[PDB]
Amino acid sequence: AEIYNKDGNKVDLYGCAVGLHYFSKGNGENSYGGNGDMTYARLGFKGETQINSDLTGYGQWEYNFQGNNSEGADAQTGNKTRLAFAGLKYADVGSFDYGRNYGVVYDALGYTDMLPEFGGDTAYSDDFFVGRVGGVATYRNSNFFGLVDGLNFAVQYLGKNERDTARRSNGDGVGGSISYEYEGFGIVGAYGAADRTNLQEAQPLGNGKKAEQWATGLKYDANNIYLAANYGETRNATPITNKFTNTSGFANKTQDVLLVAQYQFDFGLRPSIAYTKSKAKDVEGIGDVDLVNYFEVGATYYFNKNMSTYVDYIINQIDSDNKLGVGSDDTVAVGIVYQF
Amino acid sequence: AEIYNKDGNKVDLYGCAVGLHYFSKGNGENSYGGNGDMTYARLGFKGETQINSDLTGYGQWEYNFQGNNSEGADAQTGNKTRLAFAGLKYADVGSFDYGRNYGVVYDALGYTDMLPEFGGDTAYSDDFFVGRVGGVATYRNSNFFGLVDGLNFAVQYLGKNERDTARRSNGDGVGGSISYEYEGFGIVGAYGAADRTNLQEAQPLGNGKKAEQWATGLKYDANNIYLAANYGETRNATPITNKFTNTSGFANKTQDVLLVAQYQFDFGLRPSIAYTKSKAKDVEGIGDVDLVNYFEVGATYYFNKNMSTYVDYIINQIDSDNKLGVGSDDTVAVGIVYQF
Amino acid sequence: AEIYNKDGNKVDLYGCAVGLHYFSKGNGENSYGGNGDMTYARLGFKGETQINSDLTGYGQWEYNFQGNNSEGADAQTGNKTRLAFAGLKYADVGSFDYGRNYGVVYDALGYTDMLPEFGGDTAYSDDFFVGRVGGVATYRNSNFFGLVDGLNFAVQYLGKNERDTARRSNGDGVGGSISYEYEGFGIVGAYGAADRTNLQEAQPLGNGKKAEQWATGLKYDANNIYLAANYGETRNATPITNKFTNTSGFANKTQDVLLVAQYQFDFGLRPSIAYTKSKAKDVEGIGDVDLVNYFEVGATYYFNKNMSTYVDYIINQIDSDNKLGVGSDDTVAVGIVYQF
Ligand SMILES: *CC(=O)Nc1ccc2c(c1)OCCOCCOc1ccccc1OCCOCCO2
Ligand SMILES: *CC(=O)Nc1ccc2c(c1)OCCOCCOc1ccccc1OCCOCCO2
Ligand SMILES: *CC(=O)Nc1ccc2c(c1)OCCOCCOc1ccccc1OCCOCCO2
């Protein structure tokens, strides 16, 4: 909600309360999404200032607060700054922002990140370009310098984050993307390569001096319809865990496919049919292994901009015989949302 | 403070800064409330939306920020989401909300949780129903479907939270409550039973396949007077610690009594006289043990809705000879509050 | 930004997004400021209420959110409440506030804490009086009871914080300060003494039953000019680490000197020339050791109250041969700020 606007500075303070539960049999140690309470809160600010006519300065910070911890010691778990950045919109020339942000690859995969609860499984955190990373300078251009309508690109720069964990680390990298949006239709291309950290390289799973993530996208956003498809391929790039031998690291190569079909009904209900499969070719010890394999049945009922309840249900195509030992049970997710 | 209201959505953003100190002799390792700096901050949102005339959607998130940590490593301690939920108010039919929230039992014990600083000692966090728990679906009804004025109930559903700690865990449970409020007078009844987690059952202290919490309440809220009484009984339900043998778990049974007397003076000062005693019958190794035993002398001076300073002083009726080894010294608490 | 004002209560909700990077060679394990992503967010409230004409109640809470963590486990690092307090402004008689706050000494050292990114190196957290501490009651007086224009003092009371760490701990103490501000010119005096905690005393580095911090200040705030000088001396007061023998504690004595020269250009750019040197006399094992020794070249470009980018560059006068083993390389800092 816009809670400030004077002298050309406008500040939006927004949040939500998403009382949420997940439903699976057993512990759900072996289901897709887990089992039990999953409630969370968000709060953040989109700020924006006009420096002149030709110039606009902005900044954003969003934070995940978890509602499923006891007020004791586990009190802090899964709390995080999801976004924190700042930039300058120059008239027609462009827009530059540094901070923690979505990587250029997400300019593509984002398409199929539209399910009520789940979906967007290839969009990992601190996975170079496919999700939200820290230390990303991005230059984005709208309408090719204002000359070609709906033709947009972005060129991104990733800054070596050497962390205590290989999963969360990353080296120096570069990336880009181009999307063209002719009349409800949008097709996206996106690519990023990165140096790997020496800790990532001294992993058991994964082999290369370089991680790579590229994805193509297609969508139809019109007439209350959402159709979207995604094809991606990660090289030494997606993170994985042998749950049997308790081993960690990266998949040498992945081919990933995500498809979403959604229609928005007038009265509110937004039914959702989707599919997601990621598979890792040539993993060490195991060969070819599925990570994510499921069909999606779900419906968000919107009451207005602020209120909604959703049912999201992942029919898991993973068989119990999983070689990386992923979950094979189904996960039903039910939620009630107040956003502002 | 209400910081947004347009198009039928109203958002309240509220917080406080409570510079607070506690006063006890020695380390106060043996006093009632501790000793030293106790300053904290709160921030949260009560949001509310009108879906139509007959329908209202809401959500809340409140967060405890601690002010007594050094900016180093201890920086995060005692930080927590206290509330995070969402629900639907249907006209006269009712109101349903899931999330982290106060348990139905608190519909009773709440009465005597009115002291400036202390009091409400039987209202534990993640203690099933007596305080704030995670994963509670609640259906509350006002005025018995709008037919009997001031006659209210609630039926609650608790969702198995299997956690790393027995103190913080809990299984599947159900609860309810009825309160009737005839002219300043209010009498409450409240009951909840729950399955226990296998970790809770493999505790040294406590024995049963089930925890139980019921409490009765009475109050007089009128003429600047607050009188309230509470009688409760927890079965395998209240948590406790043998500080001698460093043992943990639950009291087999507790009888708990809380009484508050308060008058509000015109100019501002709200003097407060109160008493609280919890005792655990049939604890393992120890027999009958007092947990909380004290008298309360205190006064909140209110300047307005936003400003206040309070003195709260707990004369501790625990004798030094305590068999669970509780604190026996008095604790003086002084505070200065800016809320909004 | 002021987001609430009705019925005499005014509430400011303010924050920022500071996408920030630091530039150093090697790991920068040996540079002045580190190397890599350094983005952070802040959010807090300055609230204020009028109790009558003669009386004003206030409260503040500010919080540091870090933007450079992966969304995993390192997710929480360097998060902290920086301020959390409350107080009463009585007409001409004065103003009293308890909570977590800047210590009276900071009433002096504050002067040279004006660099774009760095500077103010002697202003440590939970270092008694020189920075932000927890459990400080402060009485501040403006214009000597409204009788001598621009003549101000403060008398402060520090409350024993016995913590898990000596670095972060502190005992019972008292402090004060007087500053007089004749026409752009301001000269400050400030002093504080404190009992030391037994854990601090059982440190290898440092010797005394008492820590002391006093600092003098001078400034010229006029005509778009900022000149300021600081002289300080800490006794058993500044914290330090032998990185060779991995030893911790306090410098027996420090003399500290900070100087800032800044001019504000009309169009926006604020160039900044500065210097900072702290040295510890009579440290155990080592003798005399420099802690901070550098020159400061930098420029904040302001677009308006909300937008800015800065370059800050510390030419490090520490030679590689450091006896406490401090960093000796230079650190370039680049940042982009949205505040509100
Ligand atoms: C206030 C608020 O946050 N409301 C809200 C409700 C339901 C939502 C979202 C917001 O979307 C953001 C979800 O945050 C998860 C990060 O986004 C993401 C990244 C990678 C893969 C999948 C992701 O989204 C999950 C589902 O988002 C769709 C709607 O969920
Ligand atoms: C902004 C703000 O929080 N102001 C404030 C000042 C003084 C208060 C309260 C709020 O009440 C909420 C206190 O939070 C503790 C949770 O409530 C609770 C649970 C169980 C037992 C006792 C409890 O309250 C402690 C005292 O509350 C009375 C007024 O305190
Ligand atoms: C919204 C926001 O916080 N904006 C902002 C941008 C740049 C800044 C500051 C704020 O100043 C506050 C910096 O916080 C650090 C605490 O202050 C401090 C203490 C001790 C020594 C040095 C300090 O300041 C560092 C630089 O501050 C100057 C401007 O930085």
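By the numbers in Swiss-Prot, the shown part of chain C spans 23-362.
Recorded method is X-ray crystallography, 3.4 Å.
Here the Cβ of each residue, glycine as well, is placed from N, Cα and C on the backbone.
What Swiss-Prot says about this protein:
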| type | residues | note |
| --- | --- | --- |
| TOPO_DOM | C:46-60 | topological domain 'Extracellular' |
| TOPO_DOM | C:89-104 | topological domain 'Extracellular' |
| TOPO_DOM | C:123-156 | topological domain 'Extracellular' |
| TOPO_DOM | C:164-171 | topological domain 'Periplasmic' |
| TOPO_DOM | C:182-193 | topological domain 'Extracellular' |
| TOPO_DOM | C:218-232 | topological domain 'Extracellular' |
| TOPO_DOM | C:258-274 | topological domain 'Extracellular' |
| TOPO_DOM | C:304-313 | topological domain 'Extracellular' |
| TOPO_DOM | C:338-352 | topological domain 'Extracellular' |
| TRANSMEM | C:61-73 | transmembrane segment |
| TRANSMEM | C:105-113 | transmembrane segment |
| TRANSMEM | C:116-122 | transmembrane segment |
| TRANSMEM | C:157-163 | transmembrane segment |
| TRANSMEM | C:172-181 | transmembrane segment |
| TRANSMEM | C:194-204 | transmembrane segment |
| TRANSMEM | C:206-217 | transmembrane segment |
| TRANSMEM | C:233-244 | transmembrane segment |
| TRANSMEM | C:246-257 | transmembrane segment |
| TRANSMEM | C:290-303 | transmembrane segment |
| TRANSMEM | C:314-325 | transmembrane segment |
| TRANSMEM | C:353-362 | transmembrane segment |
Positions whose Cβ lies under 8 angstroms from the topological domain 'Extracellular' (C:258-274), at least six residues beyond its ends: 144, 146, 149-150, 152, 188-189, 218, 222, 225-230, 232-235, 300, 302-308, 311, 313, 346-348
Result, the transmembrane segment (C:314-325) in contact with the transmembrane segment (C:290-303) (3+ CB pairs under 8 Å): yes
DSSP helix/strand/coil residue counts for the topological domain 'Extracellular' (C:46-60): 0 helix, 3 strand, 12 coil
Chain residues in Cβ proximity to the topological domain 'Extracellular' (C:46-60) (below 8 Å; excluding those fewer than six residues from its ends, i.e. six or more beyond): 89-90, 139-140, 316, 336, 338, 340, 342, 349-355, 357
